[PDB]
């Protein structure tokens, strides 16, 4: 299998909806991130959240195709990244654009303990057709990077405890049962909503390095920290990469 | 300590914006200092070299005489103020390229304004100082009114320093500080040195200053920087003394409250 | 003479034809470069190799002028740099584009022990006419940089031991005698092929700092390490710069 | 005297009143005198989707046969959401400026894609290098309305909301290029004595000076209040017109110089 | 088809993975950005690598064609990309690294073709946004672009191996799909699809017309086009068939542009 | 032979004389054979301001009706000042090169803004991607005349002044694109036996070869001296014309091919 480019890297994807909660969620997250900088080398990747839903509403009303909507959503993930990086700037953390993530991450992580980037991939006009909603979103972009780098982990920071058998905030939340552990293939066979992109399950099937991804509640201080040490504090997704 | 301070029912000042780079020292080098060439630049480079292990520095260069020349040509061509602004900013950039090259062996490079706005924290974790242009990138969107671009090197450097919430901004000039008249001008016989002044006092005055008049306007809306010292960079050691807060030139009070 | 910008820098040019040999050559070179990182600060510059020959074949067949062929070849040196940098990414090494090499190398070499760049200069449409083959190639570009920086050295890493009196893989190989040491002025007087650009000798004539450049066989492990310590293990080219 | 101006420029500080007065006598060149700058409201137009944008796209396509248009976009609701997140964190106005810019960029991209098949491009970059050719050839360009101040954004007297937003961004481009007019396209007929959306009986105002607006407390009503000051300092654009883009034909008539909404004058 | 208010409600409340939201978004109006434009791919290995004898006649057809058609002309990469992939694959590098190497080769080919067309006013366009396309198409009726998708390190890998599965076929096809173009033509060096590789099978049967599902049934899924393109074709909203033509035969591109069937037509269904 | 060239390209070093000779027999494509490159002087023209620039803007606007123009700018006195500052500091030619490029950029921006209302753009970037479309549609572009060598600038035999400046940058572009003519627009009628500003004895030279200029000691007189060698190496542009842009009509007549100033020939 491929060599690992950055085997010592930890990748942390921050849900756009966590950022949407504003200071009440961002301030505790920033303090937890601050305390993690001396423990891990971090690539922090932000999702898009509700503003992407708004630009989809306008864009779809205008009839725009999926390759139009994809960079419009990616922009919102970039803005969350600028906000988060600014809160950590005094610690040496800056937001970096996708060409820098792709080609110069090693030198920047030699200079500083963490950088922030967009979790969305730069698919732009070349997003896949089929759905009118861009399929390769923040979870999918974060995982593609983490696996391509051969990183030590990818942790997904959500506004819920993990994956449930139905939307825990949706019309069927009375049936929602928590899944401590699941496989990408089992998830992919189900119908219904998930807190992670369905395309994430597709790129997990072709993954070469990352064996598990944990989805943890960023609204509970300490869970990101525990998850970065491999503690089980959310939903574990087995990717189907097997270990030695 | 005042009776008004004790009044529980009076309006309270809003919190200040979070500081992005609170440990940073910002140093603005005048373009006219650079214009003196090696005689001024070499001692300044040696002084900067010795400051690198003591301070983390954003070194921002002004434009100097070449911007006066491009203003002369551009005004003769009739060009508006939003055309003149990026032409002058270019000269501040060239001074930055020159100064950074003199410090390259110390790990110092010049960075363009997108890097200054967005990636300064990473670069200052890599190295002790970086150089940039002090002019802001107002370009086409410079404010009309004067045919001379108002937001120049002093103004850009202060906007950055105050936005960063930096520890200070020191302006390095080719004179001792601010006088009551141009100390090199036709009335230099009447010029009186001002060790200390407030920006509001300077703003009401008329006549030339060694600093942009827009500097005083952006000081009025400043949130962090309380004072800016203008010191003579042609006198070795004054920049060093100013960065430690010693009073060696003109102190401008911005009007930001301390407590 | 001009000040030295980066007097502590070692510049190492990696031949495109060395990269063309693939893992058999690259993996040992990468291990040697890895062990050199704690000893030296390195600007590693890659040449172009056989793919530039192919794009020359197509471009010349299409009739394109030399300022068209120059950036097409430089692109292949860039791709070799991307490949080499990815192999060293876990050491904090990234490939950087030519604006970064020109303006921000000092910051990046404060962050990390080595960066990779293209050895071709960005002459693009302003390449000199005369030959239909771009004259200012990888050796030349690497020397212009090394000399402009006033670097401590430039070492050229070849797929042969050094310079011979004829092409040691060509039709007169039986008459090829090895040259342990030579001057650029003598080489410039000779007719025939060389393992280095002829333009290299021309920019050596106007050099301000670099007194000697060693060509060593990167297929022999240890020769790059020894050359970086001044050991004579290939061909020394004297530039004609004398002590100040 | 080019020589006295040249002499002052070399020998005085740029703050010297004598130099400033000499520079004010310089000739005044208009770069795009035949072009018109239009702002398409973010909140008032683009955020309303198809029912608002499609009729204005038709007007723009029809109008570019007789007028040269620089079409700037507002930002609107998504920028307001970004400002609320960032202001709630206490981030300074310089950081928020970037956030609003990306939303204006989104809206320029969406508008631009509806116009691409008519040859009309979205232009950007610090220099706006694509404007002269596009304007000569297809008579219109779309640009993002935020000024490029970024971290060098001047803050307001209070709070961290950037005071120079897409009204200012569009107005300053009209002024810099010396355009023949500046038209703000919104979702109301123009200026009223109060917000017509929340006011029972506000009175429509068809013409008003900047000083009259300030005296009536309407400084920050229909346009970003700093735009009134830029307007009074402007060399080339000494008045603006605000029109209701939801009424078909208002933009077209305004482009032809018709008084159809509110005309705001510097003097 | 549902409603604006219900799509809006769903967009604000549900995950984008919610099938109810997905179905409502599927009912949105469909705008074609460049409905009068045609995307053509000029083969890398099949055409541009062949040099003047292949490229110059096709330059002539393009110059003549842009008087009647609006052309987006994408380039393949070809044998230099195959060489980079061999070196990089041998080093254990992943598909995301190889992707950037292939992009540079398609860039080279676009620059070479573009320089042959520059005196006709036809530019090479690039950058994330392809900002120069609308003015160029309106004014000179043609643009040249590099055919690699911009996925770079985010390239999706194939199930086996590190060769990037989305290359210049996919890059060209997706632009035709994104812009809602009226057709997609692949210019290669064979008349079209055969039952086997016509270069290495002397008795291969030519196939003038085939569906994706029939290509897969015959084991031709990765024969004439990159195999993911067939799945992209079945997912496409705007371009539901493509035509592959022999660019070494004079007039084939010209006739295909006019809508004539001169090679193999591959249909989604 | 294509097949032998292919084999030599694969099997020899690019330094091999047999390979170099086979490459020289390749076909020669001219990319923009109907275009003309002109240099507008930095020190000789643009630094003179309105009295020199405005008449030439008028000629450019009228001439682009009949001629396709690539208009490059010199740098001039601000570059001279930067070189003097940087040389006094001991900076090398590769550092000075980037300083001169900024000044040529300034001059292209100023000239471009005078031409913007005629649709004529300023073009830049390593590839000059905007040239083909702009030339087809408005028949002219403005570019910055410095070569992009930056830190890779080849130094002169003596001193640190970049020896390839805006004469060389404009000439090499004319040569690369196979243009039909290269016209240098300066402030004297052409070459003289000595600098006419300092020498009463100076006599005009209408036509001269590179080798004759060198024999007269004129190798570094009206043009940067490396331009004379680049001219003798050129495949496409085998002569250049220098004309006085301070005399109306000289540029216009030179563009139609007329000998109005000095013609300098490779041989």
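For clarity, chains are labelled A, B, C, D, E and F in written order, and residue numbers in each chain start from 1.
Please note the rule applied: a residue touches a chain if its C-beta (ideal position, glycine included) is under 8 Å from a C-beta of that chain, and two chains touch if they have at least 3 such contacts.
Labels paired with UniProt names: A, B, C = Molybdenum storage protein subunit alpha; D, E, F = Molybdenum storage protein subunit beta.
*Asks:* Which pair, B-C or B-F, has more C-beta contacts?
*Replies:* B-F
*Asks:* Can you give the whole-Å distance between the Cα centres of chain C and chain E?
*Replies:* 37
*Asks:* So what's the Cα centroid distance for chain E and chain F, whole Å?
*Replies:* Comparing mean C-alpha positions, chain F is 40 Å from chain E.
*Asks:* Could you put a whole-Å number on the gap between the CA centroids of chain C and chain D?
*Replies:* 52
*Asks:* Which residue numbers or ranges of chain A touch two or more of the other chains?
*Replies:* In chain A, the residues touching two or more other chains are 3, 5, 50, 54, 57, 61-64, 68, 71, 82, 86-87, 103, 108, 110-111.
*Asks:* Counting only residues that touch at least two other chains, what does the list for chain E look like?
*Replies:* 4, 29, 31, 33, 51-52, 91-93, 97, 100, 111, 115-116, 129, 132, 135, 139
*Asks:* Who touches whom among the chains?
*Replies:* After working through each pair, the chains in contact turn out to be A-B, A-C, A-D, A-E, B-C, B-D, B-F, C-E, C-F, D-E, D-F, E-F.
*Asks:* Flag every residue of chain D that touches chain B in the complex, lowest number first.
*Replies:* 2, 5-6, 9-10, 12-17, 19-20, 23-24, 26-29, 31, 89-95, 98, 126-128, 147-160, 164, 168-169, 172-173, 175-178, 230, 233-236
*Asks:* So in the complex, the part of chain E that touches chain F is made up of which residues?
*Replies:* Listed in rising order, the residues are 51-52, 111, 114-126, 132, 135-136, 139-140.
*Asks:* Would you mind writing out the residues of chain F in touch with chain E in their complex?
*Replies:* Going through chain F, the ones touching chain E are 2, 27, 29-34, 127, 129-133, 135-137.
*Asks:* Would you tell me which residues of chain C are touching chain B in their complex?
*Replies:* These residues of chain C touch chain B: 3-8, 103-111.
*Asks:* Which residues of chain C touch chain A in the complex?
*Replies:* The touching residues are 82, 85-96, 108, 110-112, 115.
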